[PDB]
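Just so it is clear, the values below take in all heavy atoms, side chains as well, and ignore hydrogens, waters and symmetry mates. Just so you know, ligand 1 is whichever comes first in the structure, and atom 1 is the first atom listed for that ligand. In what follows, chains carry the letters A, B, and so on, assigned in the order in which the sequence lines appear, proteins first and then strands, with residues in each chain numbered from 1.
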Amino acid sequence: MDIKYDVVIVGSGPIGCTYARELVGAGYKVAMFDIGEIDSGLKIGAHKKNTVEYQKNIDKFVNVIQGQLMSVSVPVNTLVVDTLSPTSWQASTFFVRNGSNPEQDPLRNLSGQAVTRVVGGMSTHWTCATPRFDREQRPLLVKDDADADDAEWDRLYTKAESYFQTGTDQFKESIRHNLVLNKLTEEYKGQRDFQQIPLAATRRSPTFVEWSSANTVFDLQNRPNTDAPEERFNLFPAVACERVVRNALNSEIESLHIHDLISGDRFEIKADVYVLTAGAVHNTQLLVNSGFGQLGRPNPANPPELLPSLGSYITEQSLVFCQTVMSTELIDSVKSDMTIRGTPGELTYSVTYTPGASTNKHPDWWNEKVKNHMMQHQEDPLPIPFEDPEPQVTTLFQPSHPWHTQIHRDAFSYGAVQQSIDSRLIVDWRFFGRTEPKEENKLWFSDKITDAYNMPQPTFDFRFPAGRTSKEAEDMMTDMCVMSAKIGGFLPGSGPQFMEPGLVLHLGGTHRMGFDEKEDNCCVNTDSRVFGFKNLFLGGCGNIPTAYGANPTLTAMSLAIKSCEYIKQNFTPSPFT
Amino acid sequence: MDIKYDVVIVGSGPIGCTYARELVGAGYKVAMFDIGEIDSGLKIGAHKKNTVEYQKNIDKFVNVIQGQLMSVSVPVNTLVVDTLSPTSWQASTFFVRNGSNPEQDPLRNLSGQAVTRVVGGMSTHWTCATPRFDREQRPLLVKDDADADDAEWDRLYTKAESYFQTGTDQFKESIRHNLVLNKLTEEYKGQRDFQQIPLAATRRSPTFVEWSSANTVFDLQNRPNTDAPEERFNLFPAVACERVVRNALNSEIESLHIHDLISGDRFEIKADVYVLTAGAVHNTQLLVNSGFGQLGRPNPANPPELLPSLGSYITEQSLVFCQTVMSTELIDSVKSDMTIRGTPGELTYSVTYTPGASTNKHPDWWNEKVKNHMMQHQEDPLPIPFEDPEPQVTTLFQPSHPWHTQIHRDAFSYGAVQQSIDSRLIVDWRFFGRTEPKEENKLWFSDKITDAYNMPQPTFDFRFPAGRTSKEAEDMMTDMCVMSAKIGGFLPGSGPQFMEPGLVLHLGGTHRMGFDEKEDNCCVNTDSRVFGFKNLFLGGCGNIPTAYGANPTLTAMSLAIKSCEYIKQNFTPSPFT
Amino acid sequence: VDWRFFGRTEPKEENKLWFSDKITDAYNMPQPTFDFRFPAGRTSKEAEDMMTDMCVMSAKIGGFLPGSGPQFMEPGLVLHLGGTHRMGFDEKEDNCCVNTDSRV
Amino acid sequence: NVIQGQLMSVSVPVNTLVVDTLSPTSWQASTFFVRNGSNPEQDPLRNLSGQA
Ligand SMILES: *Cc1cc2c(cc1C)nc1c(=O)[nH]c(=O)nc-1n2C[C@H](O)[C@H](O)[C@H](O)COP(=O)(O)OP(=O)(O)OC[C@H]1O[C@@H](n2cnc3c(N)ncnc32)[C@H](O)[C@@H]1O
Ligand SMILES: *Cc1cc2c(cc1C)nc1c(=O)[nH]c(=O)nc-1n2C[C@H](O)[C@H](O)[C@H](O)COP(=O)(O)OP(=O)(O)OC[C@H]1O[C@@H](n2cnc3c(N)ncnc32)[C@H](O)[C@@H]1O
C-alpha cells in the first residue's frame with residue numbers, strides 16, 4: 001500500500017473486475033478497494049455455489065444468499081406485541097429501534113432492495129443469467145444510425161459474453177430441460193421462441209457446473225506475479241471508500257478518501273482515473289457524500305448544482321413468481337418409447353427400447369438414461385433419472401410479450417410439505433417486467449440518519465408508475481398463469497404472486513447514462529464519464545436509463561468495456577519502473 | 001500429491017488440527033484430507049463470523065450456519081398435499097424421495113443432527129463456548145487415583161485452552177452482561193456461582209471480537225514455508241476418505257483409500273499413523289465402511305467381530321431454550337446513579353453522576369457509558385449504549401443443578417415482531433442436560449441406502465433414557481423458567497421449549513473411550529487408540545463415554561493432546577530432505 | 001372480491017363411499033371411508049382450464065390479494081357431494097339406485 | 001366461525017405428524033396409533049378430506 005496509482009476502482013463486483021481486466025491488461029497501475037472481505041475460498045471473488053457440497057445440496061444455497069443480503073431501508077416497525085409479561089420493559093411509542101430508518105415511508109419503499117459487501121459482490125451468489133437486451137430495452141450508443149448502434153452493441157456484448165463465459169449448451173442433455181423446452185416450443189409454434197437461458201457457466205462434468213462470477217472476469221490476484229510479471233494490480237479488502245474530492249472548478253477529481261476498517265487508518269489515495277463500481281445504491285451514496293446532487297429530502301425549490309438527475313428516474317423490475325408440479329401427461333411422455341413387461345421389483349421386470357427406430361419420439365441418449373433409471377431403481381415411480389439436471393428455459397423479451405422469463409430451478413426454501421413433493425417434478429417460474437423511468441421515483445440520503453458504516457442512510461421514494469408499466473405487470477402475471485399451465489399445476493403454497501418490491505435486485509437508473517446532461521436527464525455520457533469531470537467514471541446498473549425486463553449485468557458490463565476504451569484513448573499508463 | 005506420509009489425518013476440524021499442531025510441530029511429515037473445501041477467506045479454516053459485516057449484522061449469521069448444516073437422517077415424508085391440480089403427477093404412496101432415509105423410524109430419530117463439510121469443520125461457525133467438565137461429567141484417565149486424574153485433566157485442559165485462546169474476560173465491561181450477572185449473583189447468593197461463559201475468543205476492539213476456530217489451533221498452511229521452514233504439512237481439500245484398509249490380523253491399518261472429488265481419481269495413501277477426526281457420525285461411518293462393527297440393522301444374534309460397541313451408547317444433550325425481554329426494574333436500575341433534570345431534546349436536559357461516589361450502585365466506566373448515551377441520544381428511551389456487547393453468562397454444571405447454562409445472545413432469526421422489540425432488551429437462555437449412555441441408543445448404517453457421497457446411510461435408533469436423564473431434563477426446564485423470570489418475562493413466540501433432538505449437535509459416545517474394550521464397552525483406549533490396532537487413532541466427541549451437559553469440544557481436544565503424547569513416544573518422524 | 005370457479009367431475013365406478021365393518025363413527029354407526037381421485041381425462045383437463053380462466057378473468061377486475069392467490073381447495077370442502085345413491089331409468093343399464101320418482 | 005362450528009369431517013386419516021420436541025418425561029407412543037377419532041381405513045391419498 002502506497003497512495004499513488006494510475007487507476008483506482010471502488011468495488012470488486014463483476015463491473016469493477018471488467019475495468020480491472022481491461023486496464024490491468026493494458027498496462028495501468030491499478031488499485032481496487034472493497035469494503036468487504038475475501039470469503040469464497042482461494043479463487044478470490046469466485047461463485048460460492050461451486051463447492052461440491054452445494055452442487056449436491058442446492059436448496060441450502062438460499063441460506064448463503066440470505067446471509068449476505070442486507071436490506072437497504074427498513075421502515076420503523078409498528079407491530080403490536082401485547083402478550084409481554086407485565087414485568088418486561090416496554091416503550092410507549094414505536095421508537096427508532098434495530099437499525100430502522102425513520103425517513104422511510106413504508107408505503108413508498110423498495111423493501112426488498114438489499115446490498116452485499118463481499119469481495120466479488122453479488123456475483124458470488126447470483127443466478128448467472130446473461131441475456132442481451134433487444135432494442136426496446138437498450139440504451140442508444142449511436143444516434144440516428146440503428147444499424148451502427150446494433151453493430152456497436154454486438155461487439156461489446158460478444159466481448160462481455162467471453163469474459164463471463166456465457167453459453168446456451170450447459171443443460172442440453174437434461175431430460176427435464178428438454179421436456180419443458182419441447183412442450184413450450186410446441187404450444188407456442190409460430191408465436192414465440194424458446195431456448196436455454198444464456199448462462200455464465202461452464203459444465204465440467206454431468207454433475208458439476210462451474211458458475212461464473214467476478215473471478216471469471218478477473219482473477220483478483222495481486223500483480224506482478226509469475227503468470228503476469230508485467231502487470232500491476234493491488235486489491236485492498238475491508239476498505240470503505242468514503243468520498244471523492246472534487247476540485248473547486250468541478251472539472252476533476254483530486255483524490256479518494258478511504259477508511260481501512262481493520263487498521264482504522266484513513267488515507268487520501270491519488271490516481272489519474274477514478275472508477276466507481278460500488279453498486280447502484282452505493283455509487284450514489286458515495287457521490288452524494290462527495291457533494292454531488294444533494295443530501296436530505298429532495299426539494300425542487302432548491303435543485304442541486306451538480307448532477308440534478310442523480311438518484312431520480314430509478315427503476316426496479318416487477319417480478320411475478322410461482323412453482324408448478326409437472327403434469328401426468330408430461331411425465332408419461334418421458335417413457336413413451338419404452339416397452340414395459342412384468343411387474344416392478346420382481347424377477348424379470350424388463351424395460352427396453354429399440355435404438356434408431358424413427359417411431360422413437362426421443363433420442364437415444366434420453367431413452368438409455370430412462371431405461372437404466374427404471375431398470376436400476378425399480379422401486380422409484382418416476383422415469384426421470386435422479387441426477388438429471390434442472391430445466392433452464394427462456395422465451396426472451398419481445399414487444400408482444402415485454403417481459404423476461406426464467407423457467408427453471410434455482411436456490412429455494414421449501415416448506416415441509418413442498419419437501420413432500422419429488423424435486424424432479426418442480427419447475428420455478430420467474431417473469432420480470434420493465435419499469436418506466438419517472439423523475440419522481442427516487443433514492444435519497446438522510447442528512448440526519450446514518451447506516452451501519454456511518455454513511456448517510458439511503459431512503460426510497462418509489463411507486464410502480466401508472467400506465468404502461470402497471471398494465472404490463474398485470475399482463476405478465478396472466479401470461480405466467482397461462483404459460484405455466486401447459487407444464488403442470490401450481491405447487492400449493494407457491495402459487496402466482498408478486499414478489500416484494502426490489503427483491504429482484506436489478507435496481508437501475510440511479511446515475512443514468514445519456515447523450516446530454518440536461519436534455520436526457522442524466523449523470524454520465526456514453527463513456528460512463530460523469531458530466532463536467534475529466535477523470536471520473538461510474539459503472540453498473542445505475543447507468544442504465546431505459547425500462548428493462550431482462551437481467552442487466554451483461555449490459556452494464558458491455559457499457560464498462562466501452563468506458564475502458566475511452567480511458568485507454570485518453571490516459572497514459574505510468575512506465576513500469 | 002505423493003503417497004507416503006508419517007501421519008495422515010482425516011478431517012480438518014479443531015480436533016484434526018490439534019493433532020496437526022502437535023505432530024507437525026514435533027517434526028512429522030503430515031497430510032490432512034477434508035471432503036469439504038476452503039471457503040472462510042485467506043485464513044484457512046477461520047471463523048466465518050470474523051468479518052466486519054457479521055460483527056455489524058450478527059443476526060444474518062444464522063443463515064451461514066444453516067447453509068452448512070446438512071441433516072444426517074431424514075425419515076420418509078408423509079405430509080399429505082391434496083390441493084394439487086388434477087393434471088399434476090401424483091404418486092399413490094409416500095415413496096422414498098428427496099434424499100430421505102426409509103430405514104429411519106421417525107419416532108426414534110435425532111432429527112436435528114446435522115454435519116458440516118468444509119475446511120475447519122463446524123469451528124467455522126460454532127459459538128466458541130469452552131468449559132471444562134467437572135468430575136461427574138468427565139471420563140477417567142487415571143484409575144484409582146482421583147488426584148492424579150485431576151492433575152492430568154488440568155494439565156490437558158490448560159494446553160487446550162491455550163490452543164483455542166479461551167478466556168473469561170472478553171465481555172467484562174458490557175453493561176448488559178454485568179446487569180444480568182450481578183442480578184443472578186444476587187438472587188442465587190450462597191447457592192450458585194455465576195461467571196462469564198469461557199469463550200475461545202480474543203477481543204480486538206470495543207466492536208470486534210475475533211472468535212477462535214480450527215485456524216487458531218493450526219493455521220493450515222502447507223509447509224515447508226517461510227515462517228516454518230523445517231515443518232512438513234499438506235492439506236488436501238475436496239477429498240473423500242472412504243476406507244481404512246485393515247490387515248488380515250486386524251492389528252494394523254495398511255492404507256487410506258481416498259477419492260478426489262474434483263479430478264474423480266482414487267488413490268491409496270500410506271502412513272505410519274492414521275488419525276480419524278471426521279466427526280462423531282463420519283468417523284463411525286468410515287470405520288463401518290472399513291469393516292469395523294457391522295453394516296445393517298443391528299442384531300445381537302450376530303454381534304460383530306470388531307468393535308462390537310461401535311455406534312452404541314450414543315448420547316445427545318437435551319436442550320431447552322427461551323428468550324426474555326428485560327424487566328423494567330433492571331432497565332431502570334442501569335441509570336440508578338444518574339441525576340436527570342430538564343427535558344430531553346432541549347437545552348435544559350442534564351444527565352449527571354458523581355464519579356467515585358460510594359453510594360453509586362455502579363462503577364464509573366458504566367456510568368460514563370450510560371451518561372454519554374443518554375446525553376448524546378436524547379430521543380432514545382433506553383439507558384443502554386447502542387453498541388453495548390451482549391451478555392455472556394453462565395452458572396456451570398453442578399450436582400444440585402446438573403445442566404450447563406448459557407445466558408447470552410448468539411445468531412438468531414427474529415420473526416417480524418421479535419424485530420419489534422429492541423434488541424438491547426433481549427436475552428437467549430440455553431440449558432443443556434446430560435444423557436445417560438445406553439446400549440440400545442445406536443447410530444447404524446444401511447446396507448442398501450446410500451448418502452450423497454455414496455456411502456452407507458446413517459440411521460439413528462435413539463430415545464432419551466427413562467429415569468434420571470428424563471427426570472433431569474424436566475427439572476432443567478423448570479429451572480430455566482424460574483431463573484429467567486428474575487431477568488424479565490418471555491418474549492412471545494420464544495417461550496420455553498425443548499429444541500429438536502440433536503439440533504444441539506453435541507453427539508457423543510459413537511466410538512467411546514475406556515480402559516478395557518469388553519469391561520467398559522468401548523472402542524478406543526485412553527490414548528484414543530483403537531483396540532487391537534497399533535496405528536489407528538480416533539479423535540472427537542465420539543470418544544467421550546460419559547453423560548455430559550457442558551459443551552464438549554475442549555474435552556475432546558484434551559483427549560487429542562494426550563493421544564498425541566502417546567504418538568510422539570511411539571512413532572519416529574521421517575528425516576527431512 | 002372473492003372468486004370461486006366450480007368444475008364438473010365425471011362419474012366413475014371406482015370412485016366410492018364405503019363403510020367400515022369394524023370402525024364406527026361418533027354415533028356408533030359404520031365409519032364412512034372414501035376411495036376417490038379426480039378422473040383422468042376431461043375432468044382433470046377442465047379443472048386446469050378452469051384455473052387459467054379464473055386467472056385471466058380475475059385480472060380484468062384487479063390483482064390478487066396476497067395470501068389468497070389462485071389455488072385449488074381441499075377436495076370436498078365444496079360440499080356438493082353427489083351420485084352416492086344415483087338416479088337413472090334402469091338399475092342395471094344406468095348403474096343406479098333410484099328411478100326418476102326417486103323410488104328405490 | 002358459525003359455519004366451521006357445525007361442520008364435522010366425515011373421514012380423517014390416522015395422523016402421522018412427528019412431534020419430537022416433547023419433554024422426555026411426557027408419555028409418547030411408539031407408533032402412529034388410531035387416536036382422536038381418526039379412520040384407520042382411510043388412505044390419506046384417496047380421500048375427500050374437506051368433506052363434512
Ligand atoms: C443477489 C442476486 C443477484 C443477482 C442474481 C440473483 C441473486 C439472488 N441473479 C442475477 C442473474 O441471473 N443475472 C444478472 O444479470 N444479475 C443477477 N444478479 C445481480 C448481479 O449480481 C449484480 O447485478 C451484479 O453483481 C452487479 O455488479 P456490480 O459489480 O455493479 O455490483 P456488486 O456486485 O453489487 O458489487 C459492488 C461492490 O462494491 C462494494 N462496495 C459497496 N460500497 C462500497 C464502498 N463505499 N467502498 C468500497 N466498496 C464498496 C461491495 O462490497 C461490492 O462487492
Ligand atoms: C454447528 C455449531 C457447532 C457448535 C456450536 C454451535 C453451532 C451452531 N457451539 C459450540 C460451542 O459453543 N462449544 C462447543 O464445544 N462446540 C460447539 N459446537 C460443536 C463443535 O463445533 C464441534 O464439536 C467441533 O467442531 C468438533 O470438531 P471435530 O474436529 O471433531 O469435527 P468437525 O468440526 O465436525 O470436523 C470434521 C470434518 O471432517 C470432515 N469429513 C467428514 N467426513 C469426511 C470424510 N469421509 N473424509 C474426509 N473428511 C471428512 C468434514 O468436512 C469436517 O470438516
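In A:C128, the part holding a heavy atom less than 4.0 Å from any atom of ligand 1 is the backbone. Residue contacts with ligand 1, taken as heavy atom pairs separated by less than 4.0 Å, involve A:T127 via backbone and side-chain atoms alike. Residue B:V118 touches ligand 2 through its backbone alone, judged by heavy-atom distances below 4.0 Å. By the criterion of a heavy-atom distance under 4.0 Å, the backbone of B:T116, and not its side chain, is placed next to ligand 2. Using a 4.0 Å cut-off between heavy atoms, A:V119 makes no contact with ligand 1 at all. The part of A:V10 lying near ligand 1 is the side chain, judged by heavy-atom distances below 4.0 Å. Of the heavy atoms in A:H506, only side-chain atoms (C-beta onward) come closer than 4.0 Å to ligand 1.
Distances between N or O atoms of A:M122 and those of ligand 1 include at least one value under 3.5 Å. Inclusion of A:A240 in the set of residues having an N or O under 3.5 Å from an N or O of ligand 1 is not warranted. Considering backbone and side-chain N/O of A:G121, one or more are found under 3.5 Å from N/O of ligand 1. Residue-to-ligand polar distances keep B:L554 apart from ligand 2: every N/O pair is separated by 3.5 Å or more.
Ligand 1 has A:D34 within reach: a non-hydrogen atom of the residue lies less than 4.0 Å from it. Not a single heavy atom of B:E242 sits less than 4.0 Å from an atom of ligand 2. The shortest heavy-atom distance from B:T277 to ligand 2 is under 4.0 Å.
Of the possible polar contacts, none joining the B:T277 side chain to the B:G539 backbone as a donor-acceptor pair under 3.5 Å is found. A:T116 places no side-chain N or O within donor-acceptor distance of the main-chain N or O of A:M122, the cut-off being under 3.5 Å. Between the side chain of B:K60 and the backbone N or O of A:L69 there is at least one donor-acceptor pair closer than 3.5 Å. A:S558 places no side-chain N or O within 3.5 Å of a backbone atom of A:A160 that could act as its donor or acceptor partner.
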Candidate pair B:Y548 and B:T555, rule side-chain contact (heavy atoms from CB on, under 4.5 Å), full reasoning: CA-CA 10 Å; B:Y548 56 87; B:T555 298; over 6 Å; no
Working for side-chain contact (heavy atoms from CB on, under 4.5 Å), residues A:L276 and A:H511: CA-CA 11 Å; A:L276 308 188; A:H511 55 72; over 6 Å; no
Residue pair B:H404, B:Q317: steps toward the side-chain contact (heavy atoms from CB on, under 4.5 Å) verdict: CA-CA 10 Å; B:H404 173 57; B:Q317 296 161 319; 6.0 Å; no
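Remark: among candidates A:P14, A:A280, A:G13, A:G540, the nearest residue to atom 26 (C) of ligand 1 is A:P14, based on non-hydrogen atoms. Between the choices B:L69, B:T18, B:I35, the shortest heavy-atom distance to atom 49 (C) of ligand 2 belongs to B:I35. The heavy atom nearest to atom 30 (O) of ligand 2, considering only B:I15, B:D410, B:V62, is found in B:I15.
Annotation for ligand 1: atoms under 4.0 Å from non-hydrogen atoms of A:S123 are 21 (O), 25 (O). In summary, the atoms of ligand 1 found under 4.0 Å from a heavy atom of A:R117, numbered by their order in the structure, are 51 (O). Those atoms of ligand 1 with a heavy atom of A:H125 less than 4.0 angstrom away are 1 (C), 2 (C), 3 (C), 7 (C), 8 (C). Annotation for ligand 2: atoms under 4.0 Å from non-hydrogen atoms of B:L505 are 1 (C). Residue B:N551 has at least one heavy-atom neighbour below 4.0 Å for each of these atoms of ligand 2: 11 (C), 12 (O), 13 (N), 14 (C), 15 (O). Of all atoms in ligand 1, listed by their number and element, those nearer than 4.0 Å to a heavy atom of A:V239 are 46 (N), 47 (C). Distances below 4.0 Å separate heavy atoms of A:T553 from the following atoms of ligand 1: 14 (C), 15 (O), 16 (N), 20 (C), 22 (C), 23 (O), 24 (C). Residue contact check: A:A278 has heavy atoms under 4.0 Å from atoms 36 (C), 38 (O), 40 (N), 41 (C), 42 (N), 43 (C), 49 (C) of ligand 1.
Ion pair B:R132/B:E161 flagged as a salt bridge, since at least one NZ, NE, NH1 or NH2 atom sits closer than 4.0 Å to an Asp/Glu carboxylate oxygen.
Note: B:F412 and B:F321 have parallel aromatic rings, judged against thresholds of 30 and 60 degrees for the angle between ring planes.
In this structure, atom 45 (N) of ligand 1 lies nearest to the protein heavy atom A:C241 O, 3.1 Å.
Shown here for B:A129 and B:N551, the closest heavy-atom pair between the two residues is O-CB, 3.6 Å.
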